[PDB]
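All remarks here apply to the structure that follows.
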Amino acid sequence: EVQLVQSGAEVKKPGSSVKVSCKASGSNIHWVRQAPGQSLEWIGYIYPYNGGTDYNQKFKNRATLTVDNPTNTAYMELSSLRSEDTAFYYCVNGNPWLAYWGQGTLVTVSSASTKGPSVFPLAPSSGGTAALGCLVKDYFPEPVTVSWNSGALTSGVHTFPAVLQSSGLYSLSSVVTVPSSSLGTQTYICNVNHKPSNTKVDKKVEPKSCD
Amino acid sequence: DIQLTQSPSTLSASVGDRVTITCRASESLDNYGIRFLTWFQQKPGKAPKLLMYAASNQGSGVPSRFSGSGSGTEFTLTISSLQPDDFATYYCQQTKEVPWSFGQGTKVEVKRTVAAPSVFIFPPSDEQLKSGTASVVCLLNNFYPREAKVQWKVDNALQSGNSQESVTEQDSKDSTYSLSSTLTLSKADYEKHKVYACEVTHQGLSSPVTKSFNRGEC
């Protein structure tokens with residue numbers, strides 16, 4: 001069964017370039033990209049048997065499509081990276097149809113550099129349901145994981161997709177609804193992890209007082 | 001160049017419905033008796049998978065309840081008995097002329113009864129404020145349908161350009177959405193105003209719901 005294994009996620013500063021590997025097991029090799037939450041955009045194709053390549057005009061003379069035949073590996077090289085190039089990138093085998101897709105490779109392109117998050121509580125107020133959470137703020141790059149009570153409490157949790165702030169750092173909220181009747185008998189800790197900065201934090205969350 | 005547009009962008013169906021998405025092209029996509037159009041299915045956080053090729057042919061392991069018709073400039077995808085596994089975003093892609101372009105996508109999502117949100121406002125933590133920034137957070141919990149507006153108001157002046165939102169994927173158990181919105185002020189500007197308000201308009205709500213707090217009475 002046909003499989004295309006791409007290289008891992010990349011974080012690259014503007015004006016720099018990136019090379020994505022695509023390894024085949026089991027025709028044309030296309031490269032497509034998708035910005036998060038956006039529709040897809042075709043970059044180019046290459047026929048491994050003659051090295052014949054064609055490219056989308058948008059990527060004239062930034063894209064380089066190659067193959068190492070003896071290692072069954074396609075490569076996508078993109079030069080002079082800019083903000084607008086942050087995307088998931090997929091190699092695709094074309095049947096001529098694009099029938100087999102890789103898993104994709106997130107490329108992040110930002111002048112920003114690694115920063116751990118600040119985690120601030122969202123404390124409930126007062127009514128029979130209680131909303132509490134954690135604001136995981138000003139970190140770079142994605143992702144952060146967020147759990148509650150070490151994964152004991154999973155029901156009612158909404159962890160939201162991060163937003164990219166004007167500062168160029170990310171920030172997301174994770175909230176959970178719980179019975180009001182439990183906030184005096186049961187403790188709520190959000191466990192926030194950011195691997196790219198080796199930031200692990202546990203933040204207990206309780207309603208606030210002085211009324 | 002060649003540009004495809006899908007209709008509708010969003011479609012709400014229940015299991016067992018018959019559903020039709022339309023791909024319209026700016027040029028004819030036929031050449032040499034070949035219809036040069038492909039259909040994809042994408043789920044959040046996965047690569048696309050090909051459903052249909054040459055407009056009407058099923059891809060490997062694609063069940064027969066998926067089919068496609070069309071010629072020239074207009075193409076359709078039909079799902080005859082919606083199965084739970086079919087709520088997805090679907091793309092059309094043209095293969096005749098090279099840019100190989102895609103359409104914008106059509107999200108197929110689960111229909112259910114209207115559900116008003118639960119609204120909660122969160123004032124900024126003391127810890128954050130000493131750093132110099134206030135984030136006020138507004139939560140809309142477990143509502144349907146997806147369409148919702150959050151208006152920030154500070155001393156009953158509605159805010160523009162200082163909030164960001166994100167929404168969760170449709171919940172697999174209860175088929176509702178949730179929304180988190182963040183209002184970002186400087187410590188300095190936050191301290192000049194008394195009333196921080198989150199106003200939420202939604203089809204489930206006879207009239208907008210406001211959640212607010214008064215700074216320094218918290």
Side-chain angles (χ1 to χ4, degrees), chain A residues 1-10 18-34 39-54 65-77 87-107, chain B residues 21 34-68 77-95 98 100 102-103 105 108 169 172:
Chain A
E1 51 147 61
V2 179
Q3 177 126 357
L4 299 169
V5 194
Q6 295 176 232
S7 50
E10 295 282 324
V18 62
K19 188 140 143 186
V20 189
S21 87
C22 175
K23 204 227 205 302
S25 73
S27 190
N28 296 306
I29 291 277
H30 297 257
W31 286 89
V32 180
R33 88 177 174 187
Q34 180 177 227
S39 184
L40 302 117
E41 165 167 50
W42 182 96
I43 300 166
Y45 91 93
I46 171 176
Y47 195 51
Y49 302 87
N50 66 20
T53 59
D54 202 6
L65 290 191
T66 57
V67 154
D68 185 38
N69 254 282
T71 56
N72 246 305
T73 297
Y75 300 98
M76 191 231 63
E77 175 147 68
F88 299 107
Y89 285 91
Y90 317 73
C91 66
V92 198
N93 176 293
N95 254 0
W97 317 96
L98 313 203
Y100 302 94
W101 289 68
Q103 83 263 36
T105 289
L106 186 67
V107 174
Chain B
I21 300 149
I34 290 158
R35 284 168 303 166
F36 260 101
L37 189 280
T38 307
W39 286 102
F40 297 98
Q41 172 188 82
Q42 187 169 45
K43 303 220 188 153
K46 304 284 164 210
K49 137 184 190 227
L50 169 148
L51 250 49
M52 305 295 300
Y53 69 105
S56 69
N57 293 330
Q58 278 146 76
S60 253
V62 179
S64 59
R65 77 194 165 256
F66 287 108
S67 69
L77 167 78
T78 308
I79 312 141
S80 275
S81 319
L82 248 68
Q83 291 311 111
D85 182 66
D86 300 331
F87 297 98
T89 299
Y90 294 88
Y91 296 100
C92 66
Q93 192 220 351
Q94 60 86 21
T95 36
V98 181
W100 289 154
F102 305 69
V108 170
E169 286 304 344
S172 73

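Here is how names work: the chains are called A, B, and so on, in the same order as the sequence lines, proteins then strands, and each is numbered from 1. Atoms considered below: every heavy atom in the structure, side chains included; atoms not considered: hydrogens, waters and symmetry mates.
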**Message:** Are the side chains of B:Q58 and B:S64 in contact, using a 4.5 Å heavy-atom criterion?
**Reply:** yes
**Side chain to side chain, A:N28 and A:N93, heavy atoms closer than 4.5 Å** = no
**Message:** Which heavy atom of B:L37 sits nearest to which heavy atom of B:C92, and what is that distance?
**Reply:** CD2-CB, 4.0 Å
**Side-chain heavy atoms of B:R65 within contact of B:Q83, under 4.5 Å** = yes
**Asked** With distance as the sole test, does A:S27 use its side chain to make a donor-acceptor pair with the main-chain N or O of A:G94 at under 3.5 Å?
**Response** yes
**Message:** Under the criterion side chain to side chain contact (heavy atoms under 4.5 Å, CB included), I'd like the reasoning laid out for B:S56 against B:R35: C-alpha separation, chi angles, the key distance, then a yes or no.
**Reply:** CA-CA 8 Å; B:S56 69; B:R35 284 168 303 166; 3.0 Å; yes
**Asked** Between A:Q3 and A:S25, does any side-chain donor sit less than 3.5 Å from a side-chain acceptor?
**Response** no
**Message:** Using side-chain heavy atoms (C-beta onward) and a distance below 4.5 Å, is A:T66 in contact with A:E77?
**Reply:** no
**Request:** Report yes if the distance between the aromatic ring centroids of B:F66 and B:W39 is under 6.0 Å, otherwise no.
**Result:** no
**Prompt:** Which heavy atom in A:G102 sits nearest to a heavy atom in B:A47, and how many Å separate them?
**Reply:** O-CB, 3.3 Å
**Request:** Using modelled atom types only, decide if a donor and an acceptor are shared between the side chain of A:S39 and the backbone of B:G103 within a distance under 3.5 Å.
**Result:** yes
**Prompt:** Is there side-chain contact between A:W31 and A:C22, with heavy atoms separated by less than 4.5 Å?
**Reply:** yes
**Complete:** Output for pair (B:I79 CD1, B:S67 OG), nearest 0.5 Å, gives 9.5 Å
**Prompt:** Looking at CG of B:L50 and CG of B:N57, how far apart are the two atoms once the value is rounded to the nearest 0.5 Å?
**Reply:** 10.0 Å
**Complete:** When every non-hydrogen atom of A:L65 is compared with those of A:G44, the smallest separation belongs to CD1-C, 3.7 Å
**Message:** Please report the interatomic distance CZ(A:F88) to CG(A:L40), rounded to the nearest 0.5 Å.
**Reply:** 11.5 Å
**Request:** For B:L82 and B:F87, run side chain to side chain contact (heavy atoms under 4.5 Å, CB included): C-alpha distance rounded to whole Å, both residues' side-chain angles, the deciding distance at 0.1 Å, then the answer.
**Result:** CA-CA 8 Å; B:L82 248 68; B:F87 297 98; 3.9 Å; yes
**Message:** Looking at B:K43 and B:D85, would you say the former's side chain and the latter's main chain have a donor-acceptor pair under 3.5 Å?
**Reply:** yes
**Message:** The test is side chain to side chain donor-acceptor pair (under 3.5 Å); show your working for A:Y89 and A:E10 and say whether it passes.
**Reply:** CA-CA 11 Å; A:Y89 285 91; A:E10 295 282 324; over 6 Å; no
**Item:** Which atom of B:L51 lies closest to which atom of B:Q41, heavy atoms considered
**Value:** CD1-CB, 3.5 Å
**Request:** Check step by step if side chain to side chain contact (heavy atoms under 4.5 Å, CB included) holds for A:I29 and A:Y45.
**Result:** CA-CA 6 Å; A:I29 291 277; A:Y45 91 93; over 6 Å; no
**Request:** Return yes when atom NZ of B:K46 has more than 12 non-hydrogen atoms of other residues, nucleotides or ligands closer than 6.0 Å, and no otherwise.
**Result:** no
**Item:** Electrostatic pair A:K23-A:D68, nearest N-O below 4.0 angstrom
**Value:** no
**Fill in**
Smallest heavy-atom separation, A:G26 atom then A:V2 atom, equals O-CG2, 4.4 Å
**Asked** Within a strict 4.5 Å, meaning less than it, do heavy atoms of the A:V5 and A:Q103 side chains meet?
**Response** yes
**Item:** Note, B:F40 side chain near B:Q93 side chain (heavy atom, < 4.5 Å)
**Value:** yes
**Message:** Within this structure, what is the CG-NE2 distance for the pair A:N95 and A:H30, rounded to the nearest 0.5 Å?
**Reply:** 9.5 Å
**Request:** Could you pull out the closest heavy-atom pair between B:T89 and B:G105, with the gap in Å?
**Result:** CG2-CA, 4.3 Å
**Message:** Let me confirm one number: the CD1-SG distance from A:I43 to A:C91, rounded to the nearest 0.5 Å.
**Reply:** 10.5 Å
**Request:** Check step by step if side chain to side chain contact (heavy atoms under 4.5 Å, CB included) holds for A:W101 and A:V32.
**Result:** CA-CA 10 Å; A:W101 289 68; A:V32 180; 4.1 Å; yes
**4.5 Å side-chain heavy-atom contact, B:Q42 and A:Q34** = yes
